[PDB]
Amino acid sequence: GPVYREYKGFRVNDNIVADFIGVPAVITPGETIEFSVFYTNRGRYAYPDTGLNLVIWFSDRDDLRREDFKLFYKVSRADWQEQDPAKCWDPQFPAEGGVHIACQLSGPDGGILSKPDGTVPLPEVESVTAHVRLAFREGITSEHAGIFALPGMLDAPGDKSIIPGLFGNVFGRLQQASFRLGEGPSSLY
């Protein structure tokens, strides 16, 4: 069994990391972007079932909700699907301000790692990708926002997910992508 750390009330294994590709540092309100994100087993313990969670957070306003953006994704080689608003955590409000909306992006990966019983085990060195399509509705903006990739794992076969709407009873290392939702930079020269 692997070593867990505690963060808030949850168990975190830093050996399950996540990487982003193609997140722009500025997103235009109303426009659709596609990026990729994948979590990888940098440890020696094979997890029996895994799935990605994504957290969308605005630091400078607290009114953003799941319905304020459109979110589609595809697990590795499987087909695209719309992210399910019922597979989300309720909005969380940090003590310093803002709001984050955590979304579950789990499911079979097209027969690369996934098994007939539906699990997506993560042997060492292996990875699972979500290709993600994201768009924020027009008229909403943020000057310091981010996406966090939160890998979710089931520690033992037949474990239950611990956060309502998210995948996993233990979690991997949070990965960040900071951006602004608004207008691009004016010329400095």
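In case it trips you up, residue 1 is the first one in the sequence shown, and so on.
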Higher-scoring stretch by recorded Cα B factor average, 115 to 123 or 72 to 80 | 115 to 123
Taking only the CA atoms, which stretch has the higher mean B-factor in the record, 5 to 13 or 18 to 26?
-> 5 to 13
Maximum C-alpha temperature factor, selected from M153, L134, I162, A130 = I162
According to the PDB entry, is the CA B factor of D63 in the bottom, middle or top third of its chain, that is, lowest, middle or highest?
-> highest
Position of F148 among the chain's modelled residues by C-alpha B-factor, lowest, middle or highest third = middle
Once the chain's modelled residues are ordered by C-alpha B factor and cut into thirds, is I140 in the lowest, middle or highest one?
-> highest
For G43, the third of its chain by CA B-factor is the middle
